[PDB]
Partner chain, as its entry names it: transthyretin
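As a starting point, one isolated chain is supplied in structure tokens, in the form solved without the partner chain.
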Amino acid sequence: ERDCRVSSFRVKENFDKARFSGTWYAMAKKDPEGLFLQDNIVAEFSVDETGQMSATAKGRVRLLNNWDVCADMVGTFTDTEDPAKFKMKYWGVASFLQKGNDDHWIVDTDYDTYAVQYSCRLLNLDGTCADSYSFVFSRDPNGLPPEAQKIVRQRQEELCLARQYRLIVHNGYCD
């Protein structure tokens, strides 16, 4: 009887946007329904004078069975009452023509080794998430330290997404 309601989930307390900046390599992911980033998913976060966070994100996308596309996207993050929860507005500059928006929750991070991202797109009537995606980010693409592995596995299970993540490759397909 685990509480899988989206409102009951806990996020990074006192989230620091400036310390979260820099390169983040997604090593594992949980997919939503429909088309989504496949692999080689690298994120680059930044903060400006005003303190508003922004980021760029590259990644390979399998559109049809015989077409690979290195998506190159830019996004801005709007602040909310919770410092770890944001409203991400994003768009493409290479292939993706349209724009969209999702919630961007930093569930937990130590800023210099790992980070667990979460985003619920659709909510069930009971409060649980009907359609979600999540990323296990890392500063080092070679791997995570032992302590980072333990926290990630714990947070993944607390989000009710145990054994639903798949690993993803970084082989320089998009440079």
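Residue numbers count along the first chain shown, from 1. We call the rigid core whatever largest set of C-alpha positions still superposes within 1.5 Å between the two forms. Residues that one form lacks are left out of the comparison.
The discussion below concerns the form deposited with the partner chain bound, not included here.
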{"query": "4.5 Å heavy atom contact, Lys89 to the partner chain in the entry with it bound", "finding": "yes"}
{"query": "4.5 angstroms heavy atom contact with the partner chain in the entry with it bound for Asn65", "finding": "yes"}
{"query": "Interface membership of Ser95, the partner chain in the entry with it bound, 4.5 Å heavy atom rule", "finding": "yes"}
{"query": "Partner-facing stretch of 138-146, 124-132, 65-73, 111-119, counted where any non-hydrogen atom is within 4.5 angstroms of the partner chain in the entry with it bound", "finding": "65-73"}
{"query": "Large Cα move at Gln98 between the shown form and the other one, threshold 2 Å, rigid core", "finding": "yes"}
{"query": "Displaced residue check between the shown form and the other one: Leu122, CA, 2 Å or over, core reference", "finding": "no"}
{"query": "Outcome for the Cα pair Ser95, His170 in the entry with it bound, compared with this form (closer or farther; change of 3 Å or more)", "finding": "farther"}
{"query": "Relative Cα spacing, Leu37 and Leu97, in the entry with it bound - shift of 3 Å or more", "finding": "closer"}
{"query": "Rigid-core superposition between the shown form and the other one, with residue runs of at least 3 whose C-alphas all shift by 2 Å or more", "finding": "64-66, 94-99"}
